[PDB]
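Laboratory data are not the source of any read-out in this text; all were calculated from the coordinates shown. Please note: Cβ atoms are built from the backbone with ideal geometry, for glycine as well, and neighbour counts cover all protein chains shown.
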Amino acid sequence: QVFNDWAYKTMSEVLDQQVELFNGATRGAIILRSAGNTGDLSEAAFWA
Amino acid sequence: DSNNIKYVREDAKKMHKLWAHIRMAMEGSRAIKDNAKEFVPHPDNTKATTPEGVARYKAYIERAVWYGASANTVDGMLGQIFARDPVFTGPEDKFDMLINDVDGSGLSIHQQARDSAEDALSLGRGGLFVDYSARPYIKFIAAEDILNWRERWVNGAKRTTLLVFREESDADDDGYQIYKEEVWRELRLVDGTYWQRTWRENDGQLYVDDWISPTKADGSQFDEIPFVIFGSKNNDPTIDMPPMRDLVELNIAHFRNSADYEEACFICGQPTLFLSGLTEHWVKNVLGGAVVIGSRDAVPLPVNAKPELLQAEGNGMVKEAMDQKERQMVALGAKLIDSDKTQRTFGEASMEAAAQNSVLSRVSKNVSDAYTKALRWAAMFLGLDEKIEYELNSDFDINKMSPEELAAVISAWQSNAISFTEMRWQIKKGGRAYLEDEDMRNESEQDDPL
Amino acid sequence: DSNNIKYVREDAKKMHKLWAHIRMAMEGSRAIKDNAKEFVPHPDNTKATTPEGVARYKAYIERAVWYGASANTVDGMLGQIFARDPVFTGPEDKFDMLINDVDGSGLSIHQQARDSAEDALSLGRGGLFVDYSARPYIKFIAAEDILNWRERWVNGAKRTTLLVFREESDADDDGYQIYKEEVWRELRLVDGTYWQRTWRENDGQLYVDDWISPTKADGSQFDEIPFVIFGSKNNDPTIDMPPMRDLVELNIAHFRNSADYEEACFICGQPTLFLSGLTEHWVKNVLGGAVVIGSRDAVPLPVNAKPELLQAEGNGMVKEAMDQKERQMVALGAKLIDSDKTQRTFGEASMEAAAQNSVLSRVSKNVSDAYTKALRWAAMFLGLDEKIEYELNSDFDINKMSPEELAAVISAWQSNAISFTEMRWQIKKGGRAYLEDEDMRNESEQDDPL
Amino acid sequence: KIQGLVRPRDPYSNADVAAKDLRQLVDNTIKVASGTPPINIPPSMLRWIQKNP
């Protein structure tokens, strides 16, 4: 779908920090689920 | 989220502009001229800002000529594919209802298949929907009326889960409804079960109907949505590029070159005297602001005067470009024009026949497959046999069979290598028979006249 | 631009302009020369303002030449379709009252079919109506007479619930005063039933009759409206595209180029002397305001005089434009000219026949299906057999059948491959017999005449 | 429409009658142009709440 794919010369420096720290890489400590929600908040109530 | 029923996929929205271009090329010339600002660039936009500029632009466009090769190409493709009638395999009297009125409108299945083939040839997309009412119906969905689809793998199986299409109708009421009533049908697949519901609007409101899971004649509901998106490439929801993009843009280029050529012909096409070496003294003295030019009248000129009839000569570079684009149009392989001057040798063309008929064969196979799937789903509604087929006329370049061809077909039938039905299909394909095979059978079992 | 946004785009109000243009193109040079303005824009509006400008415009137009290729095109197209006569399947002694006079006017069914095919070829829309009066009548309704229709999907089926068409008749009072009384027929489909009523406007007021339900011979009313709309595209209520739009554009452009060319020919086609380097004193001395140009007498000229017969030179760019538009008209595929210069190898014409006969076959199939529906509905009205077919000629470029073809068809009928009626149809189609098959049998029971 | 299209005549007399012309009338259909004020539809506001542009 991309008009031009990235070639060998187009080795743009991707990043300098490891950023694969989600779920299994972090044993589920930092999760990166996907769920759209409205507003500027999403609060839930549980019994104290 | 938030139940955005009127949503359209981004790729389809991107392809909508090209779909509109192809459809407008199919329309004719009035659609192109009514939308000429997006095809023919203005010779100078500084004038286009001014009102005399837009008047000049309208004069420029109105004198142009739309060659209209794309529409003739599509007509030729449909004539080649849909010669005689598609053959139906399996019991007929049980499926006669589907053949006669495919969607309850009285429109036969052959005509709906023809429309499907035309829409899959021009803009390369369409849809066949099977709905249960008692009787099942096969619908045709325009390529612009498919709005949303999804491809989620369940157990690693390519499945169409979501599918939303727009259904158009005029509500049966008493008052004259100048408005179009728009109906959105939502088809969903949950845990291998087919569900559907209908969205209807009124006064800006949106109504949602309860989920209904249609069931087969025996039951068991479904595991897949009864909807196929046929196209030029393959019967998948993924967008297939229209086969007529290059031909349509070639027509657009020829149209703009024709606009320029017509402007040149209107301006400089007429001969002009262009008197040189002339002084106004002579003009006012003897010419008197009028020249009589017929063979009955001779006009005098002073010393060192030379009349020079000047008009643009033919075979210009704009004409060469126009003819080049016409030749390119022919080259792209469209059955677009018949050139009486150019000649072609028989036998040599039989090698490129398979090359030219590539898109025709692809569309024929795709439409036949889609109609087979639709008929199988309709049989599931009615609990009839599944092993039935609907095959379009895959043999192209049709023409009358010569006596030698007929004799060969008959001799093949005398040997046990051609079925009697296959012989009849071939004979009808050659335009030598019109009665049904069973009809002629009953008519010929009786003793010969002698 | 977003077609998902609501828009209403189906009514004859959309198409009157091009339908009228098609009609005046079919009429011939009288209408086109008469309504010159919309086809030939004025050379300059500033001139057009002046009365001498409008006089110049009439001088420019009256000199033009209308080629009229579209009329010859539809003529050839209809001729190819209606060669020999359509074949009627089913009982004849019962249906003779419909074959002999389809609308109760002495007009046979074949001639009304020819008119319907001509309408479908020209502007791509027509209609058929069947209404029990006693005897049922198959009427022909023109494209302009069909006024309104709506489509509402009922129980998953697309149904044409309403259809209204104008019914034109001539009022015969006690005198011969030419009037024209109009009747409107509303055909309504409520809750799966057929209903109709008539609107009458006598002296401006709209009288309305009461609803009636035409019921079949056995009863049971109907389940569909006895009205079918046919066109080049398909048998759908939606507007079908006229098959001769681009051709009419080409003819109009050729007409305007012909106007320009003929004005040029009238003005600068005559050679002119263009006497140069001449003095009025010498003129009044010897020439005396008169020149004798015949070969019997000479004319003396002063020093440095160069007589120059000047006229527009042939093969001009307007000439080329007219030639290119003629070749474009023949290129699109229309049988509009028969040029004697062009040669074609036999067999490749058969290769391109399938594409060249696209619209012809489409119209043939559409009219055949429409008349099949009409005859079936008349059978329902009369309570007669239902398995009746009426198809036009499906094999084009027809010619006399060769002796080898004669032997082939006779040998095939001697085998169990072609029915006797099929062989007689084929041989009549080849211009080798004229009597009906049954009369042939009645002559052929007895022995050889010897 | 010609007003004096029908005139009395006297077969026994012999008098000149004035000739008549043919006038034409021109109708008209004016073109009216409408529009729409620019309407802000930024996608950010429609994305902050779960909605689509």
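Relative contact order, percent, of the stretch B:194-344 when contacts are C-alpha pairs under 8 Å separated by at least 6 residues? Spell out each step's value before the answer.
On the way: 113 pairs, mean separation 26.9, N = 151.
Taking the mean separation of contacting Cα pairs over the length of the stretch B:194-344, I get 18 percent.
Given labels modelled 7 Å from the Cα in the Cβ direction, how far is it in nm from B:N4 to C:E167?
If labels sit at B:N4 and C:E167, their model points lie 5.4 nm apart.
Neighbouring Cβ atoms within 10 Å as the yardstick, rank C:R30, B:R63 fewest first. Before the final figure, lay out the partial values.
Details: C:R30 10, B:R63 17.
Going from sparsest to densest Cβ surroundings: C:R30, B:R63.
In the stretch B:286-330, whose amide N lies under 15 Å from the spot 7 Å out along Cα-to-Cβ of C:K284? List them in ranges.
What the label zone holds, given the 15 Å backbone N cut-off, is B:286-287.
Which value, in debye to the nearest 20, describes the size of the charge dipole of the protein assembly as shown about its Cα centre when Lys and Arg Cβ atoms bear +1, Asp and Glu Cβ atoms bear -1, and nothing else is charged?
Details: 117 positive and 162 negative charges, 864 e Å.
Magnitude of the dipole: close to 4160 debye.
With a 10 Å radius around each residue's Cβ, average the other Cβ atoms per peptide and rank C:116-122, C:166-172, B:337-343, highest first. Please report the intermediate quantities before stating the final value.
Values: C:116-122: 24.3, C:166-172: 11.9, B:337-343: 14.7.
Descending mean neighbour count gives C:116-122, B:337-343, C:166-172.
Chymotrypsin sites (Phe, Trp or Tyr not before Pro), restricted to the stretch C:399-435: which are DSSP loop and have at most 11 other Cβ atoms within 10 Å? Walk me through the numbers on the way to the answer.
Details: sites: C:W413, C:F420, C:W425, C:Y434; in loops: C:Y434.
Counting only loop positions with at most 11 other Cβ atoms within 10 Å, the chymotrypsin sites (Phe, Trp or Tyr not before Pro) in the stretch C:399-435 are C:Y434.
Give the span of chain B's Cα atoms along each principal axis, as three whole-Å numbers ordered largest to smallest.
Computed over the Cα atoms, the extents are 105, 77, 49 Å.
Pop the C-beta distance of B:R152 and B:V183 into the FRET formula with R0 = 22 Å and round what comes out to the nearest 0.05. Could you put the intermediate results ahead of the total?
Working: r = 26 Å, r/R0 = 1.17.
Calculated value: 0.30.
Scan the stretch B:1-103 for GluC sites (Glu not before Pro) in coil per DSSP, keeping those whose Cβ has at most 16 other Cβ atoms within 10 Å, and list them by number. Mind dumping the intermediate values first?
Values: sites: B:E10, B:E27, B:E38, B:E52, B:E62, B:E92; in loops: B:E92.
Here the sparse-neighbourhood loop sites are B:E92.
Residue by residue through B:301-312, how many Cβ atoms from other chains fall within 10 Å of the Cβ on average?
Details: counts 8, 5, 8, 3, 6, 6, 5, 2, 8, 0, 7, 4.
Going residue by residue through B:301-312 and averaging, the value is 5.
At 0.36 nm per residue, and after removing the present C-alpha to C-alpha distance, how many nm does the segment from C:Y176 to C:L301 gain when stretched out fully?
Numbers: separation 125, 0.36 × 125 = 45.00 nm, distance 7.50 nm.
So the chain would gain 37.5 nm between C:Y176 and C:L301.
Evaluate the charge dipole of the stretch B:89-139 about its Cα centre and quote only its size in Debye, nearest 20, assuming +1 on the Cβ of each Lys and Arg and -1 on the Cβ of each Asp and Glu.
140 debye
PRE reach from D:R23 (point 7 Å along Cα→Cβ): which of the stretch C:44-74 fall under 20 Å by backbone N?
What the label zone holds, given the 20 Å backbone N cut-off, is C:51.
How high is the FRET efficiency from C:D191 to C:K387, r the C-beta distance, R0 35 Å, rounded to 0.05?
Values: r = 29 Å, r/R0 = 0.84.
Efficiency, rounded to the nearest 0.05: 0.75.
Among the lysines, which have Cα under 25 Å from the Cα of D:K20 when same-chain residues fewer than 8 positions away are ignored?
Of all the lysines, those that pass the test against D:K20 - Cα under 25 Å, at least 8 places apart if same chain - are C:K58, D:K1.
My understanding is that a pair violates if its Cα-Cα distance is over 30 Å; which of B:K319/C:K341; B:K158/B:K365; B:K341/B:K365 do that in this structure?
Numbers: B:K319/C:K341 23 Å; B:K158/B:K365 21 Å; B:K341/B:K365 35 Å.
Listed pairs above 30 Å: B:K341/B:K365.
Among B:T421, B:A355, B:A379, which residue has its Cα positioned farthest towards the positive end of the charge dipole of the stretch B:340-440, with +1 placed on the Cβ of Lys and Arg, -1 on the Cβ of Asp and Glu, and the dipole taken about the Cα centre?
B:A355
Can you give the average number of partner chain beta-carbon atoms within 10 Å of each beta-carbon in peptide C:233-245, as a whole number? It would help to have the intermediate numbers written out before the result.
Values: counts 4, 8, 5, 6, 3, 0, 0, 0, 4, 1, 2, 0, 7.
Other-chain Cβ atoms within 10 Å of each residue's Cβ, averaged: 3.
Could you give the length gained by full extension between B:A354 and B:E404, i.e. 0.36 nm per residue of separation minus their alpha carbon distance, to one decimal place?
Details: separation 50, 0.36 × 50 = 18.00 nm, distance 2.38 nm.
Working it through step by step, the gained length comes to 15.6 nm.
Hey, with R₀ at 35 Å, roughly what FRET efficiency would A:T26 and B:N234 work out to, going by the Cβ-Cβ distance, to 0.05?
0.25
Note the distances from B:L278 to each other copy's matching label point, with points 7 Å along the Cα-to-beta-carbon direction, in nm, sorted shortest first.
Result, one decimal in nm: 1.4.
Output, in nm with one decimal and in ascending order, the distances from the C:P41 label point to the matching label points of the other copies (7 Å from Cα along Cα-to-Cβ).
In nanometres, ordered from closest: 2.2.
Taking the Cα centre of chain B as origin, work out the dipole magnitude from +1 charges on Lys and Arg Cβ and -1 charges on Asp and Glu Cβ, in debye rounded to 20. Walk me through the intermediate numbers first.
Numbers: 53 positive and 76 negative charges, 410 e Å.
Computed charge dipole of chain B: roughly 1960 debye.
Of C:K17/C:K139; B:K400/C:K233; B:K6/B:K233; B:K37/B:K139, which sit over 30 Å apart, Cα to Cα?
Values: C:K17/C:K139 26 Å; B:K400/C:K233 25 Å; B:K6/B:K233 27 Å; B:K37/B:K139 37 Å.
In this structure, B:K37/B:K139 lie more than 30 Å apart at Cα.
At B:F346, label 7 Å along Cα→Cβ: distances to the other copies, nm, ascending?
0.8
If you rank B:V183, B:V154, D:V17 by fewest surrounding Cβ atoms within 10 Å, what's the result? Working shown, then result.
Working: B:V183 15, B:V154 12, D:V17 9.
Final ranking by Cβ density, sparse to dense: D:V17, B:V154, B:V183.
Pop a pseudo-label 7 angstrom from the Cα along the beta-carbon direction at both B:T342 and B:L310 and give the gap in nm to one decimal.
Rounded to a tenth, the inter-label distance reads 3.8 nm.
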